[PDB]
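Residue strings, one per chain:
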Amino acid sequence: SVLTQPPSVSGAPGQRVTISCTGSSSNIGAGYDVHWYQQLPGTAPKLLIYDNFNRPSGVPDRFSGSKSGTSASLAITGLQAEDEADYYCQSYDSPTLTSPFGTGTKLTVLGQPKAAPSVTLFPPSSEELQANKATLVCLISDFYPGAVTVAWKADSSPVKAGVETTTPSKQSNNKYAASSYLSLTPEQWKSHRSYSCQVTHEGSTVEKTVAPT
Amino acid sequence: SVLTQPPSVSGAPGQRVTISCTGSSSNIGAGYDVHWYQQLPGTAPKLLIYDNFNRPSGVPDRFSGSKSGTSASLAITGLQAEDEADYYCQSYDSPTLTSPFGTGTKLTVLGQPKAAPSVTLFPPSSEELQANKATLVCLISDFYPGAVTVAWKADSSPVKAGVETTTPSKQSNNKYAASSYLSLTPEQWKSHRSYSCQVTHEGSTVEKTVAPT
Amino acid sequence: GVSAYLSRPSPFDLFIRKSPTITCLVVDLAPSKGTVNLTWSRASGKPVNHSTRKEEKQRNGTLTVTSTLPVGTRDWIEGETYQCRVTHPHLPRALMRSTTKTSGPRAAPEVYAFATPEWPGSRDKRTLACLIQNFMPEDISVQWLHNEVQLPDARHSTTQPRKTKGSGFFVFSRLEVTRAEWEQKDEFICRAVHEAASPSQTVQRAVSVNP
Amino acid sequence: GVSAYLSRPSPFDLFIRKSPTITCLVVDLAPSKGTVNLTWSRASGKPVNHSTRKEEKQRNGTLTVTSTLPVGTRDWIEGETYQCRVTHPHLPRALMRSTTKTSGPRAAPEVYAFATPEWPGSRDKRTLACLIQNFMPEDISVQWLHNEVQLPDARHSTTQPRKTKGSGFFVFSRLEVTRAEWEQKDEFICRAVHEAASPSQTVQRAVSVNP
Amino acid sequence: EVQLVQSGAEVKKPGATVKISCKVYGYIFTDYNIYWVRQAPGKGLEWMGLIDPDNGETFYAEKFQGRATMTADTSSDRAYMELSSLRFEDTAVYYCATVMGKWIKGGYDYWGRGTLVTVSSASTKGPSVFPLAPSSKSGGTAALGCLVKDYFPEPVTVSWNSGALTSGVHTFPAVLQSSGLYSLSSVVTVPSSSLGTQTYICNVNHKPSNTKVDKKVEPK
Amino acid sequence: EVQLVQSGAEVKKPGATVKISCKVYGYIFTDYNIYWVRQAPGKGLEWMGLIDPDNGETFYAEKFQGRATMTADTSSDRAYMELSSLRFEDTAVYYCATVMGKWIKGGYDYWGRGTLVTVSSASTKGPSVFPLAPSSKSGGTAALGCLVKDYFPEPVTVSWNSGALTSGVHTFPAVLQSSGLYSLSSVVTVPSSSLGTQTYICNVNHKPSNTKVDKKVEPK
Ligand SMILES: *[C@@H]1O[C@H](CO)[C@@H](O[C@@H]2O[C@H](CO)[C@@H](O[C@@H]3O[C@H](CO[C@H]4O[C@H](CO)[C@@H](O)[C@H](O[C@H]5O[C@H](CO)[C@@H](O)[C@H](O)[C@@H]5O)[C@@H]4O)[C@@H](O)[C@H](O[C@@H]4O[C@H](CO)[C@@H](O)[C@H](O)[C@@H]4O)[C@@H]3O)[C@H](O)[C@H]2NC(C)=O)[C@H](O)[C@H]1NC(C)=O
Ligand SMILES: *[C@@H]1O[C@H](CO)[C@@H](O[C@@H]2O[C@H](CO)[C@@H](O[C@@H]3O[C@H](CO[C@H]4O[C@H](CO)[C@@H](O)[C@H](O[C@H]5O[C@H](CO)[C@@H](O)[C@H](O)[C@@H]5O)[C@@H]4O)[C@@H](O)[C@H](O[C@@H]4O[C@H](CO)[C@@H](O)[C@H](O)[C@@H]4O)[C@@H]3O)[C@H](O)[C@H]2NC(C)=O)[C@H](O)[C@H]1NC(C)=O
């Protein structure tokens, strides 16, 4: 059986938010303990609640757990930036003899100032051109909400052929970074008298542009 | 309370010998366990019997213990040269809350060929004479029964002044060694025209003799 | 049911930092009962300082009391015995753990420092090794230093004291070092801290990557 | 009640002696019952050799079963798992102990050998130190040799494998040597035995007391 | 201090087998069950199975039956997981976890750091490094970089002027191309005034291929 | 392997105190009582007392009450015995012993090697070494020696031609003079034919006084 949690949940510092975990009568509903785990990006899960409401050594008391019937609920009071993490519940499931983790919830802490992204755009270097290849490198940094849209234009016509864009990832300053790379033949790059990288974020667009020799 | 054992006991290889341990009604007589230990020269005691009749891991079965009333007894069958050791019993003594060891018995294994001793006798060296001191060194070795009697004679008259004789001790070849040292003034040593070391062993006497310059 | 452990002041704490402390740890597998007392004393009768205290019920149901007591270096050198007494639960006899400076003769360590030949691949790294030996009591601390600043602990590993054939102990310590460090300045010190080292409880040896 | 331990074949036994064996030890604190079976098997299903067996009731009332099984080096290198299964007393579940060659990448050790400067007093003695490092799996044996004859084990001490910063393990070994040995012939070899050393599972370094 | 130490990252071709290890310190290895948990990139925790080190018995969630094998080497304090018939989708971080209980259902207290297992058709290949020249001089600052192109598996290290240059440096996460090879960029922001006098070298280290590249980055 | 390791030999002046140590390996030091047993030279075993390491409590046979103090340093696995107001008659080997029982009366199973404690009015003094020349040449063999005179405390080592000469050597146990100093002899038996060609040196080492003497022994 699946233990189901809402995919996401929202914060605003100092506020109180809840996460729910719903099973059936053959696990949570059956009297079996619920536990809770917290996962920060790139780290192993940590146990926050165990046996329904108990905190292990070192967990702030602002985290609490309760278990209703077929559901259990984690509550965080006094929300903090650092609480921004993934949370999973777990209980025992006797029809399978397993102890599955819930689908998981992404805690998002509100407030956090919006930021437009910086863009840097390098043309192919002459070494690559000699390697009979060409790559335009568009580096996008320092933006918040971590969603962008990159579109490349060649002169003024869009491209959509051989463009590769990374997913956005949190840099150490809690803003996001991403890169978009565009592969062309040297003859293509030499053909057009310019190419452009257009980053669209939060309805505004930052474009930057470069040309051959 | 003392647990008393006979001071000594005798062997002849392959034979069976017993050692006894007698207490009173406030220890052995009182139902308290007896144990037995074996000690070889220059080594720590080893436990042979524990709780009356039990052998610890590695003790030959030819060793056995029994506990009668107020006494307990160790029995060794098939006596061997290597069994020549000191043996002690132990039990608990409730009037003192202690667990004393018995007075101890010296096992002697018979047979063992008699040997007369070798004797070496060095005069003082000239270096000592210059240090204004003089020592005659009489070294006695390789004898069995380990009892000797050293007497020093000066010319033909006995000395008995400033003679020091070691106790006999087992050398690695199971015979005994001892030394007797005689201190004289240089003028004494120069006076007499000879001194002699007389070793008496088993009713026979080996003398050796040395002279000045 | 209940286990208890007490640590020894490190020599580094006795003689360098100069605020040495000892730590008494209790681990109780069935805290079925009320309070577990834990009490410091000295064998001489003299008073102790205040100590930190901390309790955690652990997830597996164990209860864990830790306590830390500051002690005097001079007191430690004169022979004090410090004692942690554990009290209450279903304990007929109390438990008691103790620590005191080791018996026997004293003898300063000898330090020797060695550098590793260049190994293909490495190039940008080198290994330093320090042999420290013939010291008596086995208690010892080891620092490595560079530009007269003590390196972090975790930059090096030191082995456990083992007895030399005959008398005294030895210990090996290993520190990887980088081209940026040794070209910066090509001197590293290996320093032992030990009660018998005398002016000031230390002996050190310098080592260099090149000649 | 019942504890059980199983040892690993030493590399020296796998690759030098070439008759490696493993030892399964059971310690039963309350032999209140009859026989304690102990049975060898291999994870592959293949048969095992006969093994030695030995029981001792100990003075404190404990019973102690030891058993020694010879294994194949080639089998060991290909991945066999050897298993000691302990059976009977008041055990619902049997106990089982196992041993197999360690996972992961392989990498031959680097050996370095160093001699100690003359120390006042010593004169007639010198200390040799061998640093052995960057090997993967941590399993390792160490011999010292002189006149191409392997010295006795107890002439030297070697430390336990610890992990280097980054990857692989190191180990230090120490051998005191005497004037009679080094004037006899001034060469000592420090040899590591390790599965990844390749022609023949060894790497060695010579060291000399003088230059 | 109790510690579950997991082995390094593994990179496999579909169809392969890998054996990753979870070594235990700080209690008696054989006392308590160890649990294994999988986590695909960006996805949730999944409970795979459990082994009992004292006796070797195991249990698996349906999904992992057959393709995960949990073992334990008691002689060396080591719980092993073996994944077979590897598939692209088997790419995940695999964790071992435990609770020093016995007779208790969940709430794992102690966790290894995770071992990543990456499954791909690609073969090891060192990077090409192309210099990403400063868009010629000027008002303040200027960006130059290194394009680390076409390499497989990931982790690449990039450092500047051998570690000496640290400020202003921003190395971006790789793109995974459809060729299955990775590319990335490292960019440093420098006073525009220093362009003609200070040397800029990037040091690329691609351990899996045992390749080190050092490249100067000169104004165009 | 269980081991009770005792400290080295101690030499004291009457009135002194000595603290000898018994260090434990192979079980939990604090689990079982340790017992101390005394043995004067040539005499029987005497049970002194017992300590309980888990809690420090002690018990002494009457005879040792006051002048033996048993302690335990749990942090270092070490049971200590402290003897005070030392007397000549306190000269004995002191052993520690144990049984991994608890609740059991005697039959000690594990024993330290013994620590000798020697009490004397004498002060440390290095030996004089006098050569004991071969009684001038001849039929076979000849004896020469070294007289190691007037030294305190005992152990002295004697070796010949720096360990190279081993055959025929017989070093006798010391005499204890009434001055309280010790003397001994080491004698080697050599082919009488080699007297004019082979060098004979005795090497005397008296560690307690930190004295090494090497002396040649020439025919008279
Ligand atoms: C329920 O779960 C709890 C919660 O974790 C378990 O708690 C642990 O309980 C164990 C066993 O009782 C206990 O272990 C003991 O730790 C002590 C104290 O450690 C200090 O002493 C050392 C100084 O010599 C020093 O090493 C240590 O610091 C460090 O220890 C490790 C180990 O090397 C280091 O790597 C790391 O730096 C760590 O901080 C402390 O200063 C230790 O001394 C004990 O003695 C040892 O015993 C074993 C016997 O096998 C031997 O190997 C050693 O030779 C030595 O004698 C012992 O290890 C933990 O401290 C407890 N942890 C906590 C957080 O409370 C609990 O057991 C469990 N319950 C059940 C039923 O399983
Ligand atoms: C009643 O008395 C009996 C009679 O003596 C007691 O028997 C002993 O019981 C203990 C505890 O169960 C048991 O200890 C264990 O020994 C095993 C096996 O040793 C082998 O494994 C090692 C290889 O890694 C190796 O070291 C060893 O050889 C040697 O061990 C010592 C120790 O270093 C060496 O110096 C020496 O060479 C010796 O031969 C064997 O190959 C050992 O592996 C166990 O594991 C350890 O556990 C402790 C936990 O504190 C840790 O410190 C270690 O990290 C390691 O994990 C453990 O030591 C003895 O073997 C038993 N002895 C005998 C003769 O049967 C019995 O307990 C007692 N009963 C009561 C109630 O007290």
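Residues numbered from 1 in each chain as written, not as in the entry; some residues may be left out. Chains lettered and ligands numbered in written order. Heavy atoms only, no water.

- What the entry reports as its method is X-ray crystallography, with 2.85 Å given for the resolution.

### Some remarks on the overall build of chain A
Right, so step 1: Looking only at helices and strands, chain A has two helices and 17 strands in total.
Right, so step 2: Taken over C-alpha atoms, the radius of gyration comes to 24 Å for chain A, far larger than the 17 Å a tight globule of 213 residues would show.
Right, so step 3: Here the C-alpha coordinates of chain A stretch approximately 75 × 40 × 30 Å along the principal axes.
Right, so step 4: Here chain A holds 213 residues, and the buried ones make up 44% of them.
Right, so step 5: Considering only contacts in chain A between residues 6 or more positions apart, those separated by 24 or more positions represent 56%.
Right, so step 6: A total of about 9,800 Å² of accessible surface is found on chain A, and carbon and sulfur atoms cover 50% of it. (Helix = DSSP H or I, 4+ residues; strand = E, 2+ residues; numbered from the N terminus. Rg over C-alpha atoms; globule rule 2.2 N^0.38 Å. Buried < 20%, exposed > 50% of the residue type's maximum accessible area, 1.4 Å probe, protein only. Contact = heavy atoms within 4.5 Å. Areas by Shrake-Rupley, 256 points an atom, 1.4 Å probe, with all protein chains shown as cover.)

### Topic: the sheet that holds strand 12 (residues 157-158) of chain B
Residue and element names in this part refer to chain B.
Right, so step 1: The four strands lie next to each other as 12-11-16-17, forming an open sheet whose pairing is antiparallel. The sheet terminates laterally at strand 12 and strand 17 (204-210), the two strands that pair on one side only.
Right, so step 2: Bridge count for strand 11 (residues 149-154) against strand 12 is two bridges, and the pairing is antiparallel. Counterpart to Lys153 in the pairing with strand 12 is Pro158. (Pairing = 2+ DSSP bridges.)

### Details of the nonpolar core
Right, so step 1: Core analysis: the largest hydrophobic core is formed by 47 residues, its most contacted members being E:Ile34, E:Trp36, E:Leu83, E:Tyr108 and E:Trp111.
Right, so step 2: Every element with two or more residues in this core is listed here: strand 3 (18-25), strand 4 (34-39), strand 5 (46-51), strand 7 (68-73), strand 8 (78-83), strand 9 (92-98) and strand 11 (115-119) of chain E.
Right, so step 3: Sort the elements by how many residues they give to this core and strand 9 of chain E lands first, with six residues.
Right, so step 4: In this structure, E:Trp111 is in contact with A:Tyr37, A:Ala44, A:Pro45, A:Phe101, E:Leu4, E:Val37, E:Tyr95, E:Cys96 and E:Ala97, ignoring residues within four places of it in sequence.
Right, so step 5: Core analysis: the next-biggest nonpolar cluster, separate from the first, contains 45 residues, F:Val24, F:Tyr35, F:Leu50 and F:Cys96 among them. (Core = buried A, V, L, I, M, F, W, Y, C linked by side-chain atoms within 4.5 Å.)

### Brief notes about the site of ligand 2
Right, so step 1: Close to ligand 2 lie D:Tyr5, D:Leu25, D:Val27, D:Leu29, D:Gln58, D:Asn60, D:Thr62, D:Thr64, F:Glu1, F:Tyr32, F:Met100 and F:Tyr110, which account for all nearby residues.
Right, so step 2: Flanking ligand 2 are residues from chains D and F.
Right, so step 3: Take D:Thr62: an N or O atom from its side chain is 3.3 Å from a nitrogen atom of ligand 2.
Right, so step 4: The side chain of D:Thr64 places a nitrogen or oxygen atom 3.3 Å from an oxygen atom of ligand 2.
Right, so step 5: For ligand 2, whose unbound accessible area comes to 1,300 Å², protein coverage reaches 38%.
Right, so step 6: Here the shell around ligand 2 is built from residues that sort into seven nonpolar, four polar and one charged. (Near = heavy atom within 4 Å. Polar contact = N/O pair within 3.5 Å; in protein donor to acceptor, adjacent residues only side chain to side chain. Nonpolar A, V, L, I, M, F, W, Y, C, P; charged D, E, K, R; others polar.)

### Notes on the site of ligand 1
Right, so step 1: As a structural note, the neighbourhood of ligand 1 is formed by C:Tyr5, C:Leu25, C:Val27, C:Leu29, C:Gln58, C:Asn60, C:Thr62, C:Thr64, E:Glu1, E:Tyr32, E:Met100 and E:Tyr110.
Right, so step 2: Flanking ligand 1 are residues from chains C and E.
Right, so step 3: C:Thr64 places a polar side-chain atom, nitrogen or oxygen, 3.3 Å from an oxygen atom of ligand 1.
Right, so step 4: Contact between ligand 1 and E:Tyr32: an oxygen atom at 2.4 Å from a side-chain N or O atom of the residue.
Right, so step 5: Here ligand 1, which alone exposes 1,300 Å², has 38% of that area covered by the protein.

### Observations concerning the pattern of salt bridges
Right, so step 1: This structure, assessed with the given rule, holds 60 salt bridges over all chains.
Right, so step 2: We note a salt bridge from C:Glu148 to C:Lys185, for which the minimum N-O separation is 3.9 Å. A residue pair is termed long-range when its members are at least 10 positions apart, and C:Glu148 in the loop between strand 10 (141-146) and strand 11 (149-150) and C:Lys185 in the loop between helix 3 (179-184) and strand 15 (188-193) qualify at 37 residues.
Right, so step 3: Exposure remark for C:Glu148: the relative accessible area of 66% places this residue in the exposed category.
Right, so step 4: With a closest N to O distance of 3.0 Å, E:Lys216 and E:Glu218 form a salt bridge. (Salt bridge = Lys/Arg side-chain N within 4 Å of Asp/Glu carboxyl O.)

### Details of the UniProt feature "disulfide bond" in chain C
Residues and elements named next belong to chain C.
Right, so step 1: Here the UniProt disulfide linking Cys24 with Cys84 is intact, its two sulfur atoms sitting 2.0 Å from each other. Residue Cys24 is located in strand 2 (residues 21-28), and its partner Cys84 is located in strand 6 (residues 82-87); the two are separated by 60 residues in the primary sequence. Judged on exposure class, the residue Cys24 and its partner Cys84 are both buried.
Right, so step 2: Regarding the annotated cystine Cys130-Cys190, the two sulfur atoms come within 2.0 Å of each other, below 2.5 Å, so the disulfide is formed in this entry. Here the residue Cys130 occupies a position in strand 9 (residues 125-135), and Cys190 occupies one in strand 15, the gap between them amounting to 60 residues. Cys190 matches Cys130 in its accessibility class, with the two residues each being buried. (Disulfide = S-S within 2.5 Å. UniProt positions renumbered as here; feature names shortened; annotations may be inferred.)

### Section: the arrangement of the chains
Right, so step 1: Left apart from each other, chain A and chain D have a closest C-alpha approach of 19 Å.
Right, so step 2: There is a clear gap between chain E and chain F: no contact, and 15 Å between their nearest C-alpha atoms.

### Concerning the side chain of C:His194
All names here are of chain C.
Right, so step 1: The topology assignment puts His194 in the loop between strand 15 and strand 16 (202-207).
Right, so step 2: A relative accessible area of 0% means that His194 is categorised as buried.
Right, so step 3: Among the polar contacts made by the side chain of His194, one reaches the main-chain carbonyl oxygen of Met136 at a distance of 3.2 Å.
Right, so step 4: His194 has contacts with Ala107, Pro109, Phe135, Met136, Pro137, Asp139, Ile140 and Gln201, leaving out every residue within four places of it along the chain.

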